[PDB]
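Asker: Contents of data_34.txt (compact mmCIF, C-alpha atoms):
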# COMPACT_ATOMS: atom_id res chain seq x y z
CA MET A 1 0.00 0.00 0.00
CA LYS A 2 1.36 3.51 -0.99
CA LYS A 3 0.28 5.46 2.17
CA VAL A 4 0.12 9.30 2.17
CA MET A 5 1.18 11.92 4.77
CA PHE A 6 0.04 15.60 4.59
CA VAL A 7 2.39 17.98 6.50
CA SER A 8 1.67 21.61 7.61
CA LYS A 9 2.58 24.09 10.42
CA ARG A 10 -0.98 23.40 11.75
CA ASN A 11 -2.03 19.75 11.38
CA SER A 12 -5.48 21.12 12.47
CA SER A 13 -5.78 23.31 9.33
CA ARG A 14 -4.14 22.32 5.98
CA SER A 15 -3.07 18.71 6.78
CA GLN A 16 -6.60 17.90 8.12
CA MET A 17 -8.22 19.81 5.19
CA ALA A 18 -6.15 17.67 2.76
CA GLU A 19 -6.74 14.50 4.90
CA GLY A 20 -10.52 14.80 4.72
CA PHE A 21 -10.45 15.41 0.93
CA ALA A 22 -7.89 12.59 0.36
CA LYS A 23 -10.07 10.26 2.49
CA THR A 24 -13.28 11.16 0.54
CA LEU A 25 -11.35 10.92 -2.83
CA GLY A 26 -9.38 7.69 -1.94
CA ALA A 27 -11.20 5.57 0.74
CA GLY A 28 -10.35 1.82 0.34
CA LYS A 29 -7.69 2.51 -2.43
CA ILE A 30 -4.76 3.44 -0.14
CA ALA A 31 -4.46 4.96 3.40
CA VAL A 32 -4.26 8.72 3.85
CA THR A 33 -2.62 10.40 6.90
CA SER A 34 -2.04 13.94 8.33
CA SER A 35 0.85 15.33 10.52
CA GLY A 36 2.41 18.74 11.23
CA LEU A 37 4.70 21.03 13.30
CA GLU A 38 1.77 21.83 15.70
CA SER A 39 -0.52 18.90 16.74
CA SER A 40 -3.31 21.47 17.17
CA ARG A 41 -7.10 20.83 17.79
CA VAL A 42 -9.70 20.08 15.04
CA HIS A 43 -10.08 23.67 13.73
CA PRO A 44 -13.53 25.29 14.50
CA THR A 45 -13.87 27.05 11.09
CA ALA A 46 -12.47 24.03 9.19
CA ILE A 47 -15.13 21.71 10.83
CA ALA A 48 -17.66 24.20 9.27
CA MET A 49 -16.12 24.75 5.77
CA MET A 50 -15.25 21.04 5.30
CA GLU A 51 -18.78 19.81 6.31
CA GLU A 52 -20.05 22.10 3.43
CA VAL A 53 -18.28 19.58 1.06
CA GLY A 54 -19.23 16.37 3.02
CA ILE A 55 -15.95 16.26 5.07
CA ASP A 56 -16.30 16.22 8.87
CA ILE A 57 -12.81 16.80 10.41
CA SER A 58 -14.17 17.01 14.04
CA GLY A 59 -13.30 13.29 14.75
CA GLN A 60 -10.04 13.32 12.64
CA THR A 61 -6.39 12.69 13.78
CA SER A 62 -4.02 15.65 14.42
CA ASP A 63 -0.67 13.87 15.17
CA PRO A 64 2.66 15.85 15.62
CA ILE A 65 5.58 15.55 13.10
CA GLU A 66 7.94 14.13 15.83
CA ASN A 67 5.61 11.20 16.82
CA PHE A 68 5.03 10.07 13.18
CA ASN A 69 7.67 8.40 10.93
CA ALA A 70 7.74 8.64 7.08
CA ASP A 71 9.01 5.02 6.57
CA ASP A 72 5.45 3.61 6.11
CA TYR A 73 4.19 6.66 4.06
CA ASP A 74 6.02 6.70 0.67
CA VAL A 75 4.00 9.80 -0.46
CA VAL A 76 4.71 12.87 1.76
CA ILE A 77 3.17 16.26 0.83
CA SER A 78 4.02 19.67 2.30
CA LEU A 79 1.22 22.31 2.45
CA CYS A 80 3.15 25.62 2.98
CA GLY A 81 5.59 26.52 0.11
CA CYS A 82 8.23 25.58 2.75
CA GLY A 83 8.78 21.75 2.45
CA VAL A 84 12.65 22.04 2.54
CA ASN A 85 12.25 23.17 6.23
CA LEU A 86 10.87 19.67 7.20
CA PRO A 87 13.17 16.94 8.71
CA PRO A 88 15.13 15.35 5.76
CA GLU A 89 14.03 11.81 6.81
CA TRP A 90 10.39 13.01 6.22
CA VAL A 91 11.42 14.34 2.71
CA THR A 92 13.42 11.49 1.02
CA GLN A 93 10.36 9.25 0.23
CA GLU A 94 9.59 8.34 -3.43
CA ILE A 95 6.99 11.16 -3.81
CA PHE A 96 7.73 14.49 -2.06
CA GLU A 97 5.97 17.75 -3.16
CA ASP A 98 4.70 21.13 -1.78
CA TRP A 99 1.22 22.62 -2.61
CA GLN A 100 2.18 26.28 -1.73
CA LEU A 101 -0.80 26.93 0.67
CA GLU A 102 -1.65 29.74 3.19
CA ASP A 103 -2.81 29.09 6.84
CA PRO A 104 -6.64 29.70 7.05
CA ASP A 105 -6.84 30.08 10.89
CA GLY A 106 -8.22 33.63 11.51
CA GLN A 107 -8.66 34.52 7.79
CA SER A 108 -12.14 35.35 6.33
CA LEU A 109 -14.43 32.38 5.49
CA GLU A 110 -13.98 33.22 1.75
CA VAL A 111 -10.20 32.57 2.20
CA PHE A 112 -10.97 29.50 4.38
CA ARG A 113 -13.11 28.12 1.44
CA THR A 114 -10.40 29.25 -1.08
CA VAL A 115 -7.73 27.02 0.57
CA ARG A 116 -10.40 24.18 0.57
CA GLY A 117 -10.68 24.67 -3.25
CA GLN A 118 -6.85 24.54 -3.48
CA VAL A 119 -6.51 21.36 -1.36
CA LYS A 120 -9.34 19.69 -3.42
CA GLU A 121 -7.45 20.47 -6.68
CA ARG A 122 -4.08 19.16 -5.36
CA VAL A 123 -5.47 16.18 -3.33
CA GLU A 124 -7.20 14.87 -6.52
CA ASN A 125 -3.91 15.25 -8.47
CA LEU A 126 -2.05 13.35 -5.64
CA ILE A 127 -4.49 10.55 -4.57
CA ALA A 128 -5.67 9.78 -8.16
CA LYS A 129 -2.08 8.72 -9.26
CA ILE A 130 -2.19 5.96 -6.53
CA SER A 131 -5.89 4.96 -7.19
Translate this structure into structure tokens?
Answerer:
Amino acid sequence: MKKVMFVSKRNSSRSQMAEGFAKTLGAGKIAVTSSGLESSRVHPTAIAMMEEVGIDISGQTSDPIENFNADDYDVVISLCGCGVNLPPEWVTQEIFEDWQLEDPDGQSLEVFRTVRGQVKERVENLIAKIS
């Protein structure tokens, strides 16, 4: 199985936003996963904006980058335009990419939906190559 890991500064925001889309675009094909620099709570505005597209994140994992290990997850995506700042062991997997995203915590709901449109676009492109 080619398992996936989404990596952000907030696991709660972009990694969870990509996790929920990669789950609803890839369930039973491969396993999706989300990690990040801050193992923060299920984000209150993301639980809203993701339920609008059928994606409840309120029960979803928010694991820290130092508890996870990339050895089981051969597809590791960065969600910040910053992926070279991650630990090199979490970079040297067969697929490593960055989606160039902005943190939606405390932005307007139009921007919070805009980064949802961006993760949808880039999740499809990622998960559909291993489907």
Asker: Figure out the distance between CA of residue 47 in chain A and CA of residue 96 in chain A, please, to one decimal in Å.
Answerer: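 These atoms are spaced 27.2 Å apart.
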Asker: Residues of range 29-80 of chain A that approach range 111-121 of chain A to 12 Å or less, counting only C-alpha atoms: could you list each one with the shortest pair of atoms and its distance in Å to one decimal, rows by chain and increasing residue number, as CSV?
Answerer:
residue,atom,partner,partner_atom,distance
A:43,CA,A:112,CA,11.1
A:44,CA,A:112,CA,11.3
A:45,CA,A:112,CA,7.7
A:46,CA,A:112,CA,7.4
A:47,CA,A:112,CA,10.9
A:48,CA,A:112,CA,9.8
A:49,CA,A:113,CA,6.3
A:50,CA,A:116,CA,7.5
A:51,CA,A:116,CA,11.1
A:52,CA,A:113,CA,9.4
A:53,CA,A:116,CA,9.1
A:55,CA,A:116,CA,10.7
A:77,CA,A:119,CA,11.2
A:78,CA,A:119,CA,11.3
A:79,CA,A:119,CA,8.7
A:80,CA,A:115,CA,11.2
Asker: If we draw a sphere of 12 Å around (11.2, 13.0, 3.7), which residues have at least one atom in it when counting only C-alpha atoms? Please report them as a PyMOL selection string.
Answerer: chain A and resi 4-7+65+68-78+83-98
Asker: Using all atoms listed in the file and a cutoff of 9 Å, can you tell me which residues are near (5.5, 17.9, 12.9) in the file's coordinates, and write them out as a PyMOL selection string?
Answerer: chain A and resi 7-11+35-39+63-68+86-87
Asker: Using only C-alpha atoms, which of A:1, A:61, A:127, A:13 sits nearest residue 102 in chain A?
Answerer: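 Using only C-alpha atoms, residue 102 in chain A sits closest to A:13.
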Asker: Can you list, as a list in words, every protein, DNA or RNA residue that comes within 9 Å of residue 128 in chain A when you count only C-alpha atoms, leaving out same-chain residues fewer than 5 positions away?
Answerer: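 Selected residues are residues 25, 26 and 123 of chain A.
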Asker: Which is closest to residue 2 in chain A among A:125, A:16, A:24, A:33, if we use only C-alpha atoms?
Answerer: A:33
Asker: Quick check, in Å to one decimal: how far apart do CA of residue 81 in chain A and CA of residue 31 in chain A lie?
Answerer: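 Distance reported for this atom pair: 24.0 Å.
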Asker: One number please: CA of residue 41 in chain A to CA of residue 12 in chain A, in Å, one decimal.
Answerer: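 According to the coordinates, CA of residue 41 in chain A and CA of residue 12 in chain A are separated by 5.6 Å.
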